[PDB]
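*Asks:* just to be clear, this is only the beginning of the complex, oriented as in the whole thing:
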Amino acid sequence: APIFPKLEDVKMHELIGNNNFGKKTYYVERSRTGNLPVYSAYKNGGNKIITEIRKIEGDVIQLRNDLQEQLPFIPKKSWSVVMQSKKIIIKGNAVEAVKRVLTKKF
Amino acid sequence: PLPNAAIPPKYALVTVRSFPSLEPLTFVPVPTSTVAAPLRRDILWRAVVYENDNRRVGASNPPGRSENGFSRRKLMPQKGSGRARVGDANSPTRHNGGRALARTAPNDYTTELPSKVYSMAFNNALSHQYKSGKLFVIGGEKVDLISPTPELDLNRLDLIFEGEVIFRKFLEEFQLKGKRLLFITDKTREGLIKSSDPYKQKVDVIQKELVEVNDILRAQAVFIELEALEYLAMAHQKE
Amino acid sequence: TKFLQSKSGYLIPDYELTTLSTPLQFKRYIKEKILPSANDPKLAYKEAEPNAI
Amino acid sequence: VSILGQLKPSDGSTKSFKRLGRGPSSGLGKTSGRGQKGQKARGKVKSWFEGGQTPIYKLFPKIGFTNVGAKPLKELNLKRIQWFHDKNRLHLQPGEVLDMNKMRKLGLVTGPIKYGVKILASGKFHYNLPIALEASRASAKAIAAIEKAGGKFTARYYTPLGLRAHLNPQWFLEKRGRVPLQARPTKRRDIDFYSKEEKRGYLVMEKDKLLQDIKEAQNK
């Protein structure tokens, strides 16, 4: 309810630099509706079909690696991460698989 | 499973102060989204540019061959002269004439931006400022203070007139004489503005609701009320 | 932290305060950052050129 | 110093626009992409001009008409409802009937609703919610599915104004401390539809007065 809680409410491990979140870890936020931010996209005039994993906090590279480990049948060279907006683009339309891989952790 | 799947830190501490000097009274935990957002400069750029566009006056009004003063008379007959063909004396081809593709009266340079994006940009700016360490929050009445607010100094962001002198002293103390600063205020602190107006060139004093991303970014050091900050956070929330 | 600031003379950025979780750490940070500029004055950080060397 | 003088847009966002008539090496030199000497090269010729051969528009016969009496309904699939339920974004113990208004409140049916909602059976095989549903109508299959689920569908009639009132009577209340009552059907077709049993209409499922009145009239 309140935008800023009182000092007593917040614990020490909920502040910055106290989780060790920067060092090789990541987190995928769910959407407003509460769904996994994995989407299909039809680029270049509906002709190429890619998938896009969005709301990622932390090391995207690590996340990508983990995903690859989970589902190895998607070739390694078809995993294109963009660093400016931190999202990882997969060549095929493999959304469902990605979602499956995700849900079980967060 | 997915290893390395941590939970993110959701809060960040901003030390509340007292504005004539700046003596730290309390820590306040503000959410990570409004003060520790990763620096996405492209988002910022989108905002700033947009703001600039909206700020334009757009008064470029040269005369086209229609608005230019001359008559419509054909200066020379079509043939018989041995010269090049001529129409009216308003052609942009001739020195006295109108301008080709003239821009006319109020030019509209205004652009759109999704509200959410703008909010994000604002948040990002704030985060950047905080990271720099040039964000200073001032407040007292609303939160429990650890150290007690000192005497001769209040938490309102307010002050020959004496106030001006005090302001000058503060500036001297804080090594921020020449640099530009931005006071984000919950209400019209008239006294403060009066005090500052000698240093008007380098001082922005802004009401809460009218603060701009550009203004924050421009400012070398920002001073904001706690309440104002809260309001801002609420505005540019996320949901 | 407040005490440290007051004794020191130099105030610490709030981000730093948020981050560092031990006195030793704080000391280390101080050593890294504010000590060198105190000894050598022209080695200090002028904002106009942040990429200064 | 400040970040303000070192901001760039995102890679791929912006291109240089093509500058015509600005020297040969640029690529769009003198003729500036127009070629030579045509009508096109200076004057304007409508892009879709056909040369004087009868155009694609003028060749073919004009066909059909727009039914202005038509009212296109927003379609809503059982599947979507089921999904919503699964998610837990569907709160129906308070209001036992899931009406159009309720749907819109939920998100269930989004955007504006002009005429009404038709329920459709997309995920009938996986639908199982014992719920009272109300909408402007439903496909037979959908209805069947609902009945199987142990649910209860009825198809109601709403005129535009009536529909609006239904969707948010709060506004109406704010305006003139009242909600406008529901209009009866008047178009014969509409009346017929609501009478029909198989369509699951609100005239026979509620046993309305209007039908009775009509019957009486017929008798006398």
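*Replies:* Nice, thanks for sending it over. Numbers count the residues shown, from 1 in each chain, chains lettered A, B, ... in the order given.

*Asks:* write out the residues of chain B neighbouring chain D.
*Replies:* Proximity of chain B to chain D is confined to B:41, B:42, B:44, B:45, B:46, B:48, B:128, B:214, B:217, B:218, B:219, B:220 under the rule C-beta under 8 Å from any C-beta of the partner chain. Heads up, the C-betas are built off the backbone N, CA and C, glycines and all.

*Asks:* what about chain C: which of the residues you listed touch it?
*Replies:* residue B:220.

*Asks:* which one of the residues of chain B next to chain D is nearest to chain C?
*Replies:* residue B:220 (6.6 Å; C-beta to the nearest C-beta).

*Asks:* now do the contacts for the closest residue to the closest one other than its chain neighbours.
*Replies:* Counting by C-beta to C-beta, 6 or more residues apart in numbering or on different chains, residue B:179 is the residue found nearest to residue B:220 once chain neighbours are left out, at 3.9 Å. For residue B:179, the contact set (C-beta atoms under 8 Å, 6 or more residues apart in numbering or on different chains) comprises B:202, B:220, B:221, C:47.

*Asks:* what about 10 Å?
*Replies:* For residue B:179, the contact set (C-beta atoms under 10 Å, 6 or more residues apart in numbering or on different chains) comprises B:134, B:171, B:202, B:219, B:220, B:221, C:47, C:48, D:1.

*Asks:* and it, how far from residue D:60?
*Replies:* 72 Å (C-beta to C-beta, to the nearest Å).

*Asks:* helix or strand for the residue of chain D found nearest chain A, which one?
*Replies:* Nearest residue of chain D to chain A: residue D:10, at 5.8 Å (C-beta to the nearest C-beta). Using DSSP states H and E, residue D:10 sits within no helix or strand.

*Asks:* can you get me a residue count around it?
*Replies:* 15 (other C-beta atoms under 10 Å in any protein chain shown).

*Asks:* throw chain E onto that model:
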Amino acid sequence: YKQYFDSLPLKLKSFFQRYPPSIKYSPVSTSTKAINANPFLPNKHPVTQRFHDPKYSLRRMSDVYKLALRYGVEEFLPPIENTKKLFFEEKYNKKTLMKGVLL
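*Replies:* Chain E now in position relative to the chains above:
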């Protein structure tokens, strides 16, 4: 009670000011110069038998009635019955459906 009255909409108040409930205005048409003459009805002038157009144009009257209904004060207005305008629930009740609907 006075306060409550004051709170009421402006138009209604205005109406009350010139046509108060102290007097009982005739249901049916009347002389135009009688003091129990209904504003809402087309009354007739004695000299020259000419029906005067209602002192309240129909729309205005309707509006007034609606306002009254909203704040319960229907009975303190003069009676509308002889104008063919009915309102809301009563109208709904008493409506004979059209020939086209019935058969």
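
*Asks:* same as before for the neighbour count of residue D:10, with chain E this time.
*Replies:* For residue D:10, using other C-beta under 10 Å, the count is 15.

*Asks:* just confirm it contacts residue A:85, I think it does.
*Replies:* Yes: between residue D:10 and residue A:85 there is a contact under C-beta atoms under 10 Å: 7.3 Å.

*Asks:* which strand or helix spans the residue nearest to residue D:4 when sequence neighbours are not counted?
*Replies:* Sequence neighbours aside, residue B:217 is the residue nearest to residue D:4 in space, at 4.4 Å (criterion: C-beta to C-beta, 6+ apart). Taking DSSP H and E as the definition, one finds residue B:217 inside helix B:213-218.

*Asks:* list the contacts of that helix.
*Replies:* By C-beta under 10 Å, 6+ apart, helix B:213-218 touches B:43-44, B:46-52, B:55, B:118, B:121-126, B:128-129, B:134-135, B:180-182, B:184, B:204, B:206, B:212, B:222, B:224, B:232, D:1-5, D:7.

*Asks:* among those residues, name the buried ones.
*Replies:* B:43-44, B:46-48, B:50-51, B:118, B:121-126, B:128-129, B:134-135, B:180-182, B:184, B:204, B:206, B:212, B:222, B:224, B:232, D:2-4, D:7 (16 or more other C-beta atoms under 10 Å in any protein chain shown).

*Asks:* spatially, what comes nearest to residue B:124 if we skip its sequence neighbours?
*Replies:* Per C-beta to C-beta, 6+ apart, closest to residue B:124 is residue B:37, 5.2 Å.

*Asks:* contact residues of chain B facing chain C?
*Replies:* By C-beta under 10 Å from any C-beta of the partner chain, the part of chain B that sits against chain C consists of B:9, B:11-15, B:17, B:22-25, B:27-30, B:35-36, B:127, B:130-137, B:146-147, B:174, B:178-179, B:220-221.

*Asks:* helices - which of those land there?
*Replies:* If you go by DSSP state H, these have B:35, B:127, B:130, B:131, B:132, B:174 in helices.

*Asks:* now the sequence for chain F, which goes on the structure above:
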Amino acid sequence: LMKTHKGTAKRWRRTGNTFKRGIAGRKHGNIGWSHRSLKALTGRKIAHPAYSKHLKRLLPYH
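*Replies:* One more piece, chain F, placed on the ones above:
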């Protein structure tokens, strides 16, 4: 602002991506021709790619 070419609208109708239209050639002069042959001249037909662009420009809101 820009507006639909009404003639085109009257002739053509939007079906997913493309547009449909009535076959030309059936209005009159039909006798003597085999009715099995004239079956082909009835019914709708889909827009040729060649002219899709033109159609699009004609009816920007369909």
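
*Asks:* please look at the contacts of helix B:213-218 again, because chain F has been put in.
*Replies:* With contacts defined as C-beta under 10 Å, 6+ apart, helix B:213-218 is touched by B:43-44, B:46-52, B:55, B:118, B:121-126, B:128-129, B:134-135, B:180-182, B:184, B:204, B:206, B:212, B:222, B:224, B:232, D:1-5, D:7.

*Asks:* what does stretch E:21-33 give?
*Replies:* Contacts of stretch E:21-33 (C-beta under 10 Å, 6+ apart): E:19, E:34-47, E:50-52, E:55, E:73, E:75-82.

*Asks:* buried subset of those residues?
*Replies:* Among these, those classed as buried by 16+ other C-beta under 10 Å are E:19, E:37, E:38, E:39, E:40, E:41, E:43, E:55, E:77, E:78, E:79, E:80.

*Asks:* and the furthest pair within those?
*Replies:* Distances among these were taken as C-beta to C-beta; the most separated pair is E:43 and E:77, at 16.5 Å.

*Asks:* okay, and which of the contacts of helix B:213-218 map to helices?
*Replies:* In helices, defined here by DSSP H, the members of those are B:43-44, B:46-52, B:55, B:118, B:121-126, B:128-129, B:232.

*Asks:* could you give the bridge partners of the nearest residue to residue A:82 once chain neighbours are set aside?
*Replies:* The shortest distance from residue A:82 to any non-neighbouring residue, by C-beta to C-beta, 6+ apart, is to residue A:89 (6.8 Å). Beta-bridge partners for residue A:89, by DSSP bridges, are residue A:52, residue A:80.

*Asks:* residues contacting residue A:89?
*Replies:* Contacts for residue A:89 (C-beta under 10 Å, 6+ apart) come out as A:41, A:43, A:50, A:51, A:52, A:53, A:78, A:79, A:80, A:81, A:82.

*Asks:* what do you get for residue F:24?
*Replies:* D:54, D:59, D:60, D:61, F:11, F:41, F:45.

*Asks:* now, among the residues you listed, which is nearest to residue E:102?
*Replies:* Nearest member of the contacts of residue F:24 to residue E:102, counting by C-beta to C-beta, is residue D:61, at 42.6 Å.
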